[PDB]
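Letter by letter, the chains look like this.
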Amino acid sequence: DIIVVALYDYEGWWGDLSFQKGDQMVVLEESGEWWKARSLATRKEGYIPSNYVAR
Amino acid sequence: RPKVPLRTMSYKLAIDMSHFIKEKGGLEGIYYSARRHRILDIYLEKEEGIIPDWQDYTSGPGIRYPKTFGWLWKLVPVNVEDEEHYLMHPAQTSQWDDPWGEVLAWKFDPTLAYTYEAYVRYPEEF
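Presented here is an overview of the structure given in this document.

Scanning chain A from N- to C-terminus turns up zero helices and five strands. In terms of C-alpha radius of gyration, chain A reaches 9 Å, essentially the compact-globule figure of 10 Å for 55 residues. In terms of principal-axis extent, the alpha carbons of chain A reach across some 20 × 20 × 20 Å. Partitioning the intrachain contacts of chain A with sequence separation of at least 6 by distance along the chain shows that 34% fall at a separation of at least 24.

Our next topic: the pairing of strand β1 (residues 3–6) of chain A. Residue and element names in this part refer to chain A. Covered by surrounding structure in β1 are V4 and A6 only, the residues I3 and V5 on the alternate face being uncovered. As paired elements, β1 and strand β2 (residues 24–29) share three bridges and run antiparallel to each other. Among the inter-strand pairings, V5 is bridged to a residue of β2, identified as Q24. In this structure, β1 lies alongside strand β5 (residues 53–54), joined through two bridges in antiparallel fashion. Each residue of the ladder has a partner; that of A6, found in β5, is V53.

This part covers a negative patch on the surface. All names here are of chain B. On the surface, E81, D82, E83 and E84 cluster together to form a negatively charged patch. Checked against the element boundaries, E83 lands in helix α3 (residues 83–88). Judged by its relative accessible area of 48%, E83 falls in the partly exposed class.

So, about the packing of aromatic side chains. Evaluated as defined, the whole model comprises 17 aromatic pairs over all chains. Ring plane angle 85 degrees and centroid distance 6.4 Å describe the contact between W14 of chain A and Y11 of chain B, whose orientation is recorded as edge-to-face. Here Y11 of chain B lies in helix α1 (residues 11–23) and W14 of chain A lies in the loop between β1 and β2, a pairing that spans two chains. Residue classification places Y11 of chain B among the partly exposed positions, given a relative accessible area of 44%. The rings of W14 of chain A together with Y11, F69, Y116, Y119 and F126 of chain B are connected pair by pair, giving a single aromatic cluster. Directly above the aromatic system of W34 of chain A lies the positively charged group of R7 of chain B, at a separation of 3.7 Å from the ring centroid.

Attention shifts here to unusual backbone geometry. If you check the backbone angles, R43 of chain A has positive phi at about 60 degrees while not being a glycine. Relative to the elements of secondary structure, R43 of chain A occurs in the loop between β3 (34–39) and β4 (45–49). A positive phi angle is found at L27 of chain B, which is not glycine, with a value near 65 degrees. Among the secondary structure elements, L27 of chain B is positioned in the loop between α1 and α2 (34–48).

Below, the discussion takes up the pattern of salt bridges. Residues and elements named next belong to chain B. The tally for this structure, following the rule as stated, stands at nine salt bridges over all chains. Of the charged contacts, one joins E28 and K22 as a salt bridge, the two residues approaching to 3.9 Å between their closest N and O atoms. Notably, a salt bridge pairs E102 with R64, separated by 3.1 Å at the nearest N-O pair. Assessed through its relative accessible area of 4%, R64 is described here as buried.

Quoted interface sizes are often the accessible area lost when the parts come together. Across the contact, 14 residues belong to chain B and eleven residues belong to chain A. The element contributing the most residues to the side of chain B that touches chain A is α1 of chain B, with six residues. For the side of chain B that touches chain A, the class distribution of residues is eight nonpolar, no polar and six charged.

Residues and elements named next belong to chain B. Structurally, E125 can be placed in the segment after α4 (117–121). Residue classification places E125 among the buried residues on the basis of a relative accessible area of 18%. Other than its neighbours up to four places away in sequence, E125 contacts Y57, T58, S59, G60 and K67.

The rules behind these values
Residues numbered from 1 in each chain as written, not as in the entry; some residues may be left out. Chains lettered and ligands numbered in written order. Heavy atoms only, no water. Residues with missing side-chain atoms left out of burial classes, pairs and counts. Helix = DSSP H or I, 4+ residues; strand = E, 2+ residues; numbered from the N terminus. Rg over C-alpha atoms; globule rule 2.2 N^0.38 Å. Contact = heavy atoms within 4.5 Å. Buried < 20%, exposed > 50% of the residue type's maximum accessible area, 1.4 Å probe, protein only. Pairing = 2+ DSSP bridges. Patch = residues over 30% accessible without salt bridge, like charges linked within 9 Å, V, L, I, M, F, W, Y side chains within 5 Å. Areas by Shrake-Rupley, 256 points an atom, 1.4 Å probe, with all protein chains shown as cover. Salt bridge = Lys/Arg side-chain N within 4 Å of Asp/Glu carboxyl O. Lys, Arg positive; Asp, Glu negative; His and termini not counted. Charge placed at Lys NZ, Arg CZ, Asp CG, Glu CD. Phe/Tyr/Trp six-rings, centres within 6.5 Å; stacked < 30°, edge-to-face > 60°. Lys NZ or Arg CZ within 6 Å of the ring centre and 35° of its normal. Nonpolar A, V, L, I, M, F, W, Y, C, P; charged D, E, K, R; others polar.

Structure below.
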């Protein structure tokens, strides 16, 4: 139940989770620097740049 | 906005990015060269965090198929310079970059999202 919040907008590619600054989402995997996440807004899953978010 | 962390090119990235490049009018019909291969590598590395290990093509004469499945940009020979000019001037055609001396051009082919032609045609090259 680690929850992160967007610090910048991210327009991603197929397989990424796109988000906007302030969006909060669950981290589903935190390995490496690209993470799996589910958006609290949409329940949509995808990969995100870890440097775009913070706990 | 910061740079995104580096990553390998998944086939989904390959398909999504190929269509995006296609739609924004890039690459189609442009002459292939080693320099331009590297320019492409560099652009996507420093713009999408793509490690430049995905852009490889099949060897023999004729059409060169991308060896990363999902990348939709193949190399098509064009029917059309001495070696000394090649050395001293930046001629931008694959005539001397290409081991088989063909002049290659980039062509968009979306069936490359459906058929892994490189793998099905040239398994030995993997």
